[PDB]
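Note that each Cβ is placed from the backbone with ideal geometry, even for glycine, and that neighbours are counted across all protein chains shown. Rule-based calculations on the coordinates, nothing more; no lab input.
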Amino acid sequence: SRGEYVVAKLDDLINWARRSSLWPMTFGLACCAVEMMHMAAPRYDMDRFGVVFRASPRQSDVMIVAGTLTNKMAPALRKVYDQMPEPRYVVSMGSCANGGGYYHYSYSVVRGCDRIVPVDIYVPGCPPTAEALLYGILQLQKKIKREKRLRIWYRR
Amino acid sequence: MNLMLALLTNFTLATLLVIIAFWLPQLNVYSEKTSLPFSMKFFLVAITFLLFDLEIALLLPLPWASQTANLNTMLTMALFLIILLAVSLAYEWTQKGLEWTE
Amino acid sequence: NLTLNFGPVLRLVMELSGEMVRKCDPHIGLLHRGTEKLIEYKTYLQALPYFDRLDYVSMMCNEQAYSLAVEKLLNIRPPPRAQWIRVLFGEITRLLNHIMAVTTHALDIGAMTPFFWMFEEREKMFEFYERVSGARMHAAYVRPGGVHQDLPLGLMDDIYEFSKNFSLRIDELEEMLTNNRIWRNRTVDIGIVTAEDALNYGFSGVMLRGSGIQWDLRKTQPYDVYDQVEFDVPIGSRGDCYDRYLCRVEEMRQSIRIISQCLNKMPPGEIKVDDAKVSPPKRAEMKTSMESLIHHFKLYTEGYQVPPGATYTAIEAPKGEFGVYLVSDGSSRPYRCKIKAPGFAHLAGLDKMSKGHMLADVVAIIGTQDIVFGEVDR
Amino acid sequence: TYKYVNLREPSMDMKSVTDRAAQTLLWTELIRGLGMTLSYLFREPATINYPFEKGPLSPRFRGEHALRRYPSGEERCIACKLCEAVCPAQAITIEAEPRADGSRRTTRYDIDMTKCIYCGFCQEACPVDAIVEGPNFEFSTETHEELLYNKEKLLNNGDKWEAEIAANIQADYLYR
Amino acid sequence: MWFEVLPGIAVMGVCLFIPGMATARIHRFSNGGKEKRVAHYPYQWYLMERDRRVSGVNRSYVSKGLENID
Amino acid sequence: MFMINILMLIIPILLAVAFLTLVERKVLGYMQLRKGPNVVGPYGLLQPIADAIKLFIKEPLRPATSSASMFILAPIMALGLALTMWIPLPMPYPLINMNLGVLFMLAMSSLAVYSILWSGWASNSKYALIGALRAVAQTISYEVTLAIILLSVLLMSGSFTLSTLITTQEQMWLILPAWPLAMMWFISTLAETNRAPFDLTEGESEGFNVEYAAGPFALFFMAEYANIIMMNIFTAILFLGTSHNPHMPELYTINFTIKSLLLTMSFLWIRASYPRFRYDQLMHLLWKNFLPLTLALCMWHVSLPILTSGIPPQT
Amino acid sequence: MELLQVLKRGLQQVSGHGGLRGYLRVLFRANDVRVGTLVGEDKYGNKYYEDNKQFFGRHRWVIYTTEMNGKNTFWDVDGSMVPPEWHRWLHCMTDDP
Ligand SMILES: CCCCCCCCCCCCCCCCCC(=O)OC[C@H](COP(=O)([O-])OCC[N+](C)(C)C)OC(=O)CCCCCCCCCCCCCCCCC
Ligand SMILES: CCCCCCCCCCCC(=O)OC[C@H](COP(=O)(O)OCC[N+](C)(C)C)OC(=O)CCCCCCCCCCC
Ligand code: SF4
Ligand code: SF4
Ligand code: SF4
């Protein structure tokens, strides 16, 4: 068949692997981290999707920003994101990391982690239920499944 | 000839796996990254291991020494070394040599 | 002395001499959001959700401290049934807090299994929260004047079922830690605090009771209906991490003792003060009576006015002594709300409690204080 | 009333000392830990098979904000701005003016879903049950702008979920 | 349930079984259906070399009985 | 036919390591009331494949290293020696039949300590170097007891030949007369292999492979998981010897394999049940508790055959 | 023997889904091969089941359709494909389907 067909099946192989071994580095900053722990708890068992409970920043594929990002913590967050080997995705959890939430008008709060790092999935809630966070992780898996990295390379 | 072949195979395979693991990722051509006070307790444990290891080197041939006809002498010399190995441990123990609280 | 900046929401600048710690200097503010300055631009009702987010493991105990303080300035009194729903949900919330404290403390020193067993129970106690308020964590259920809504039918039956089987869950936790020699070695004679220094450093809660001080606000300065329930206050003898671990495990058992009595002694009646100028009227009578509609309109736009004055109200929160210093100027917005988080004083004693210990003992000491940085930083 | 947790003196008779000697040498109490973890291997796990199974909720659950109508299709909201005044996070922005027929209706009704703390005060303060929090908790997006709802999104949510909002209110309206 | 952990264990059991089965079969394939000769000491090596000469062929696993005598 | 033999050893070793990651995650999951991987493939059987592919197409992480050549030497040594410790193992016929196989395995495992040291050197992090020095001290300390305990068991077998441990146990398992040594041997393998409760290298809130991410990190992981099986295979031969029937060799492998697996499972069982030691508490467990007992039992087993006329044969 | 009816249940699951092909379809789509009573089916193709012998949380589940609103959902299923009327019964907000 056409060359695109072959290159488009290698893409599905790598995309299948990447979305089946998502290793998150959780930035547990505030109350939202308690719901993140409840996603690893027996009822939802994130590990059964291939999402290990906790991994070191150098081994991580996705960063979950779960809590209020303050002006003091902002530079430390961007340093962990710069040291993440690619491909790297960012998931914003809760209203604080989305747009500041209850502290949007504070003098010491960054109004959304999207001001510091790029974000792939926004999860609304205060806090999102462990089921809503799981729904947001499964939506990132579908986003990795629509990637066309090799198709773009072939037609360059 | 078989041991040399086996050793060559295990370290040849380990070499290929390493070099490909340092190159296969380097084809995505990602965007350019653009980014002790000496402790005397660690040395003491290292040395104490060496002196015990040498004492063990003198105990290794015990299985063969049990076959001799001078068993009375062999037994006395075997327990002498182990007792001297126990006295060495007992000396460091009582001199605070096994402690980690600075 | 090697200096290590163990940065990240806690940053410790430690001065090590080989293995021992010589100076521990916590740096905080990584979770400072200016809660106390926002509360001044909110009404008294609009500031209730802020207290759920101070110590986000003991949500409904935080709400209770604020409500008691505002009721004291108002000079009103919640009805008896509301008081029993607050003692009841104040002891469910103590199980949530001690499970997080004990399991996360054990998870940092290696023991990973008890976290997953006991966090299944936390999942069931979140359903009680979601069945009375609709939110799993930040219920905003306890409010000045009582509670928002009455318990739904069938809730007290489920709470009874959960209470029958919980003691067995604590026993499994104790079969893994209490007599384990590895666990005891990591806690016994670690972080010893003397009774006189605990008082002078500002400690409260188990930090006092672990060192022998016989003090518990639920028995010395009772609030709500804590004087109508019978329970024991466990006291340690050694003042180390192991004693405080036993104290937290025993308080979990005595919480089940209180929950058993609250279910049997729950009285009928209303669940919020029958004063429409403080608590809103029911929607049925807000749509038929002019007076009720007027009062609904004002309590949700302007709020109720609080007489001028200042108060400091403290409760025996699971972490320790939680209180607010609330100042009123005679309007519907607070003039000043100082929050006394128990972790602020406990984390300040880390340098003293960590003297003569090892680097790995600091993790155990931080976990025995039950530190949550939502309340430390506010 | 108080109790001591660790004020028991170990027995020093010969049998008791030998019991603690056998425990130290034969690792008796470390093998109980193995037993407890072996029991859990043969217990049924508490995991549910999401997204094919869901976690139980209640009619009071607070989820995605939504706007309702009367049975005749008329909007319930009459632009009283009580929800705008009690929102702790200042997430509701409302503008109103007389409609073409003289009714009191809104020209703007925006909720910043990234400022909302999902607290439920707006549905308590509404005197006509116009704004509610629905039972939906799966609306994660891929851009920050999709979480800024305007009147059209909120009215579409009400038309999308009315079948479930109506039955949830019916099951709880006698408590509120 | 717990028995769903067995499929993963089954693969490990088969994988660890192959190395011991392969060597046993290969040795019998290369030594005329007998166990590979063990020679730890020079006496046992001297006899093996002798059997290589007596074999006629240059192999020590070809045995000659009471038919090369007379 | 020998080159085929090696691949019949090397290749199934890596597959066993590949699916040991799956089993560890499920056994831990079911002990923690979870399910573990059960989505990627039926019952998680494709999960190892997904991780391996992902780790080998992930961006390299190597920062500046002082001795970059030493950066590549460390993984090669770790994986070459891990596979080399399998060649003398009787199952029931060794690939290479050594007369001093036991010394060979002792010697090879004492050289693996260089992988930890070279990795710490090349990391260009003075803090990581401290982490590597702590690991080396732990490893060498427990090599003392592995050697003495092993010496005490060979005084009942009569030689350093691994194949001779099958004959020594033809009537009875060696655990019965040497269960005190089995307990200390089993716990030293945990400490020698850097496994919980002795895995203080993973004291995240309290390692030396941090500088590695993806690719070479996977190779170190396989080297460690390959040693767990080998050590538990060594324990089965040493203390749980299996009967050998020359006319049915495959029966030995089945029984031998089951014992090796059950001992590999117990490693996962232990990690799920206990907290970890401090560094100074797992150094006192060796110098002040095990070593005093190991020396005493070494004296006992030197004189036990002599005073009972039970000295084993030399040949 | 209780040990034999365990195997019997493992077999009635193969027939419960309509043969090997149906058994493998649910195994690779839902990772669960249980058999329960059919409570209904919506206009989008989703089928809803029920088994009250299972512990709370697993006594209700849905097998999503293979095509909704013109989108192929054989592998790409989503939790938002449940219509509002069934959303209430699926989350145990009511006992009435
Ligand atoms: C005629 C007979 C004459 C000869 C008789 C010779 C034998 C006499 C009996 C000797 C007693 C046996 C000694 C056993 C070794 C005891 C080691 C010791 O000292 O412990 C103290 C040590 C330390 O004890 P401690 O921490 O309480 O402190 C001791 C010192 N003080 C009290 C002063 C501080 O404890 C441990 O070793 C625990 C290690 C952690 C273990 C965690 C994993 C447990 C796994 C359990 C499963 C094990 C399976 C083993 C089977 C393997 C099968 C292959
Ligand atoms: C020729 C190159 C060699 C590799 C061969 C291709 C393998 C990767 C394709 C599957 C990934 C995938 O997509 O898994 C899911 C697929 C279906 O895909 P879908 O969801 O409809 O994807 C839609 C299109 N997207 C992804 C672009 C959006 O499930 C299957 O039915 C696949 C199960 C059988 C796989 C058996 C592979 C055997 C090869 C082993 C040796 C290489
Ligand atoms: S979004 Fe809500 S739960 Fe999350 S950190 Fe902010 S206030 Fe806490
Ligand atoms: S639920 Fe609370 S935060 Fe959200 S719009 Fe209503 S009042 Fe505002
Ligand atoms: S409270 Fe109700 S009626 Fe008033 S503006 Fe808000 S939604 Fe409209």
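Restricting the range A:61-78 to residues that are more than 9 Å from every other protein chain (Cβ to nearest Cβ) and closer than 30 Å to F:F56 by Cβ leaves a set whose member that is farthest from ligand 2 (Cβ to nearest atom) is A:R78. In this structure, does E:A39 turn out to be of a type in the set (A, V, I, L, M, F, W, C) and out of contact with any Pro (no Cβ under 9 Å at 6 or more places or on another chain)? Here the answer is yes, as E:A39 does meet what is asked.
Of all residues in the range F:268-281, those that are in a helix (DSSP H, G or I) and surrounded by fewer than 21 Cβ atoms within 10 Å (Cβ to Cβ) total 4.
Please list, ordered by residue number, the strands (runs of 3 or more DSSP E) wholly in the range G:18-78 having 1 or more residues that are more than 24 Å from A:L138 (Cα to Cα). In the range G:18-78, G:37-41, G:47-50 are the strands (runs of 3 or more DSSP E) which contain 1 or more residues that are more than 24 Å from A:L138 (Cα to Cα).
Would you call F:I116 of a type outside the set (S, T, N, Q), farther than 30 Å from F:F2 by Cβ and buried (at least 23 other Cβ atoms within 10 Å of the Cβ)?
Numbers: of a type outside the set (S, T, N, Q): yes; farther than 30 Å from F:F2 by Cβ: yes; buried (at least 23 other Cβ atoms within 10 Å of the Cβ): yes.
The answer is yes for F:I116.
Note on the range C:209-251: among residues that are more than 10 Å from chain D (Cβ to nearest Cβ), of a type in the set (S, T, Y) and outside any helix (DSSP H, G or I), the one that is nearest to C:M176 (Cα to Cα) is C:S211. Hey, can you tell me all the residues within the range F:122-154 that are surrounded by 21 or more Cβ atoms within 10 Å (Cβ to Cβ) and in a loop (DSSP other than H, G, I, E, B)? Hit for the range F:122-154 is F:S123, nothing else.
Checking F:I72, F:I76, F:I87 one by one, the residue that is more than 19 Å from F:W121 (Cβ to Cβ) and either among the aromatic types (F, W, Y) or facing another protein chain (nearest Cβ under 7 Å) (or both) is F:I87 and no other. Going through (1) farther than 25 Å from C:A69 by Cα; (2) part of a loop (DSSP other than H, G, I, E, B) one by one, C:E196 falls short only on (2). Filtering the range G:47-67 to residues that are surrounded by fewer than 16 Cβ atoms within 10 Å (Cβ to Cβ) and either within 23 Å of D:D159 (Cβ to Cβ) or among the β-branched types (V, I, T) (or both) leaves only G:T66. Only one of the numbered conditions (1) of a type in the set (S, T, Y); (2) within 12 Å of chain D (Cβ to nearest Cβ); (3) closer than 13 Å to A:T26 by Cβ is not met by A:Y122, and that is (3). Cβ-Cβ distances below 7 Å connect no pair with a first residue in the range G:61-79 that is over 12 Å from D:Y50 (Cβ atoms), a second residue that is within 16 Å of ligand 1 (Cβ to nearest atom) and acidic (D, E), and a separation of six or more residues or different chains.
For a quick check of your reading: which strands (runs of 3 or more DSSP E) sit entirely within the range D:77-176 and have at least 2 residues that are within 25 Å of C:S292 (Cβ to Cβ) and touching a helix residue (DSSP H, G or I) at 6+ places or on another chain (Cβ under 7 Å)?
Passing ranges, in order: D:92-98, D:131-133.
Reported count of residues in the range G:1-39, each being within 14 Å of chain D (Cβ to nearest Cβ) and surrounded by fewer than 10 Cβ atoms within 10 Å (Cβ to Cβ), is 0.
Would you pick out the residues in the range A:47-61 that are buried (at least 20 other Cβ atoms within 10 Å of the Cβ) and among the basic types (K, R)? Selection gives A:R48 alone.
Name the residue, out of D:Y118, D:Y109, that is in contact with a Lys or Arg (Cβ under 8 Å, 6 or more places away or on another chain), more than 13 Å from chain A (Cβ to nearest Cβ), within 13 Å of ligand 4 (Cβ to nearest atom) and closer than 23 Å to D:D159 by Cβ. Give the derivation first.
Values: D:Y118 fails: more than 13 Å from chain A (Cβ to nearest Cβ).
Only one candidate passes the filter, namely D:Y109.
Evaluating D:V128 against the criteria (1) loosely packed, with under 15 Cβ neighbours inside 10 Å; (2) among the hydrophobic types (A, V, I, L, M, F, W, C); (3) away from ligand 4 (no atom under 16 Å from the Cβ) leaves one unmet condition, (3).
Looking at D:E146, D:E124, just one residue is away from ligand 3 (no atom under 16 Å from the Cβ), facing another protein chain (nearest Cβ under 10 Å) and closer than 27 Å to A:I121 by Cα, and that residue is D:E146.
Cβ-Cβ distances below 8 Å connect the following pairs, each with a first residue in the range A:1-23 that is of a type in the set (V, I, T), a second residue that is away from ligand 3 (no atom under 16 Å from the Cβ), and a separation of six or more residues or different chains: A:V7/A:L150; A:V7/A:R151; A:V7/A:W153; A:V7/A:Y154; A:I14/A:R149; A:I14/A:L150; A:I14/F:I53; A:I14/F:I57. Answer with yes or no whether C:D224 is surrounded by 20 or more Cβ atoms within 10 Å (Cβ to Cβ) and farther than 19 Å from C:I99 by Cα. The answer is yes for C:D224. The residue that is farthest from ligand 2 (Cβ to nearest atom), counting only those in the range D:57-101 that are within 28 Å of C:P152 (Cα to Cα) and aliphatic (A, V, I, L, M), is D:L82.
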